[PDB]
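Topology and contacts: notes
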Amino acid sequence: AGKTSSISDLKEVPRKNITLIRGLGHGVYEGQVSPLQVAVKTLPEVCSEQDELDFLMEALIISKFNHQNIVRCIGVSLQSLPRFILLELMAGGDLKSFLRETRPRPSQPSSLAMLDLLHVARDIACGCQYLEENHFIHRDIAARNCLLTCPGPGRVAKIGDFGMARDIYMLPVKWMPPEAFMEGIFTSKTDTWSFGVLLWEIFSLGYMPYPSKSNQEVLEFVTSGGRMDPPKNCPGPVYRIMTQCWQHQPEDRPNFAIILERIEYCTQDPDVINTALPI
Ligand SMILES: Cc1cc(-n2cc(S(=O)(=O)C3COC3)c3ccc(N[C@@H](C)c4ccc(F)cn4)nc32)n[nH]1
């Protein structure tokens, strides 16, 4: 279940059956298939031939995943311009914006709870376990690349963008372990490190990692052994998962099966889930 497919296996949706509504972001439109709501990621008609294969390849990989914590590919419109990849619409939006906007505030407190954060972490960890089990390295696990099905209770978090893994088939230094940015070595353990950073992102409620450091400051900091402090109010058991994710040797980092169990232990400890979030 690697790249045992080609363009011909993609579901071509006739262009006249696709409607573009409103723009959602960049780096994509809300759309309609005739009925059915979709997201449409577009390839600018103004682009190089390298861009075109990059677009095509991303569609192929996303079409081949089958996992509940990975955004679904509905289909494609590659034979008309601009080319489209049609993807599952995620009304909860990107994980970064969700955390920043649902931060408990005086007017709306207890908006989010620790357990809700644990569930997002589990969801994304579950998707990463599937990628690792299928020998796929994401290379860019980060809150900005995760999506939520809806805002309220019952939200599901899914990995929803694969641009960086597609590129090596600028660099997000603040999410990369030493062996990645020093050697260009990528393994399933480099995603583990990134998951630790994402974990820090979740429990900080959408803070930028290493908040006062530049990329080079981080690179020197991480190489010399420096690690982030716990997010405000972060339970110890959760921070320990982050710190085990940031072990210097990849071989000393947990795989995603182990991370999931550890998040679940966190999920069934009252001192963890009864910890109040900062407002
Ligand atoms: C593939 C997909 C995307 C998506 N989507 C749904 C909304 S939204 O629900 O309209 C939100 C507006 O306020 C509520 C949304 C907003 C921004 C966004 N950015 C794009 C660049 C993106 C792509 C991948 C990724 F992981 C993160 N972001 N994508 C949004 N659904 N499905």
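About the cut-offs
Each chain is numbered from 1 in the order of its written sequence, a scheme that can depart from the entry numbering, and any residue without coordinates is omitted. Side-chain figures throughout are based on the complete set of non-hydrogen atoms in the structure, without hydrogens or water. Residues with missing side-chain atoms are left out of burial classes, side-chain pairs and their counts. For this document, the term salt bridge refers to a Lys or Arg side-chain nitrogen within 4 Å of an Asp or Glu carboxyl oxygen. Each residue gets one of three labels from its accessible area relative to the maximum for its type: buried under 20%, exposed over 50%, partly exposed in between, using a 1.4 Å probe on protein chains only. Secondary structure elements follow DSSP: runs of H or I of four or more residues count as helices, runs of E of two or more count as strands, with numbering from the N terminus. Only C-alpha atoms enter the line fits that serve as axes; for helices the fit covers just the stretch in contact. Angles between N-to-C directions range over 0 to 180 degrees. Small angles under 35 degrees read as roughly parallel and large ones over 145 as roughly antiparallel, with 65 to 115 read as roughly perpendicular and the rest as oblique. By definition, any crossing whose near helix is turned counterclockwise from its far helix by less than a right angle is left-handed, and any crossing with a clockwise turn is right-handed. We call two residues in contact when some of their heavy atoms are within 4.5 Å. UniProt positions are given in the numbering used here, feature names are shortened, and annotations may be inferred rather than shown by experiment. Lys, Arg, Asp and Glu make up the charged group, whereas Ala, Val, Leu, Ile, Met, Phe, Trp, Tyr, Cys and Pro make up the nonpolar group; the residues left over, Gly among them, are polar. One fewer than the residue count of a helix, multiplied by 1.5 Å, yields its expected span. Pairing of N or O atoms within 3.5 Å defines a polar contact, subject to two protein rules: one partner must be a possible hydrogen donor and the other a possible acceptor, and residues neighboring in sequence count only if both atoms are side-chain atoms. Nearness of a residue to a molecule or strand requires only that one of the residue's heavy atoms be within 4 Å of it. Computed with the Shrake-Rupley method and a 1.4 Å probe, the accessible areas treat only the protein chains shown as cover for residues. Domain segmentation is taken from an automatic or database assignment of domains.

Counted under the stated rule, the structure contains 11 salt bridges. Put simply, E201 and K96 hold a salt bridge, and the shortest N to O gap is 3.7 Å. With respect to class, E201 is no different from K96; both count as buried. For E179, the salt bridge is made with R253, and the minimal N-O distance between the two is 2.4 Å. Here the residue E179 occupies a position in helix α5 (residues 178-183), and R253 occupies one in the loop between α8 (236-245) and α9 (256-267), the gap between them amounting to 74 residues. Under the relative-accessibility criterion, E179 is labelled buried at 12%. Residue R253 is classed as buried on the basis of its relative accessible area of 3%. Beyond isolated ion pairs, a larger network of salt bridges with shared partners links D54, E58, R166 and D167.

With that settled, the discussion passes to the packing of helix α3 (residues 114-133) against helix α6 (residues 188-203). The geometry of a pair of packed helices is captured by two quantities: the angle between their axes and the separation between those axes. Packing of α3 against α6 brings their axes to within 11 Å, and their N-to-C directions diverge by 165°. Classified by the interaxial angle, the pair formed by α3 and α6 is roughly antiparallel. Along this stretch, α3 crosses α6, giving a crossing that reads as right-handed. When α3 is examined against α6, the residues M114, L117, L118, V120, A121, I124, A125, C128 and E132 are found in contact with a partner set consisting of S188, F195, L198, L199, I202 and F203.

Quick look at the UniProt feature "binding site: ATP" in the protein chain now. Mapped onto this numbering, the UniProt entry annotates "binding site: ATP" at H26, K41, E88, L89, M90 and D161. Given the relative accessible area of 15%, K41 is considered buried. Contacts of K41, omitting those with residues within four sequence positions, involve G27, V28, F55, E58, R83, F84, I85, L87 and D161. Inspection of the secondary structure assignment puts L89 in the loop between β5 (84-88) and β6 (93-94). Under the relative-accessibility criterion, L89 is labelled partly exposed at 25%. Not counting residues up to four positions away in its chain, the partners in contact with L89 are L24, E30, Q37, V38 and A39.

Let us look at the packing of α3 against α9. Contact pair α3 / α9: the axes reach a minimum separation of 9 Å and the direction vectors enclose 165°. Comparing their axes, α9 and α3 come out roughly antiparallel. α3 and α9 meet at a crossing whose hand is left-handed. Residues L115, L118, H119, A121, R122, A125, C126, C128, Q129 and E132 of α3 lie in contact with α9, whose contacting residues are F256, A257, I259, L260, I263, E264, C266 and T267. Taken together, the residues of the contact of α3 with α9 break down into 12 nonpolar, 3 polar and 3 charged.

Our focus in this paragraph is α6. Between the first and last C-alpha of α6 there are 23 Å, a value that for 16 residues agrees with the 22 Å anticipated at 1.5 Å per step. Counting buried positions along α6 yields 15 of 16 residues, so the element is predominantly enclosed. Where α6 begins, the side chain of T187 points an oxygen toward the backbone nitrogen of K189, at a separation of 3.1 Å. Once α6 ends, the next one or two residues include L205, with phi positive near 60°.

Around the ligand there are 15 residues in total, and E88, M90, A91, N145 and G160 lie nearest to it. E88 is positioned with one of its backbone polar atoms (N or O) 2.8 Å from a nitrogen atom of the ligand. Between an oxygen atom of the ligand and a main-chain N or O atom of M90, the distance comes to 2.8 Å. In the complex, the protein chains occlude 76% of the 620 Å² of accessible area that the ligand would expose alone. When residues of the shell around the ligand are sorted by domain, at least three fall in each of domain 1 (1-89) and domain 2 (90-269).

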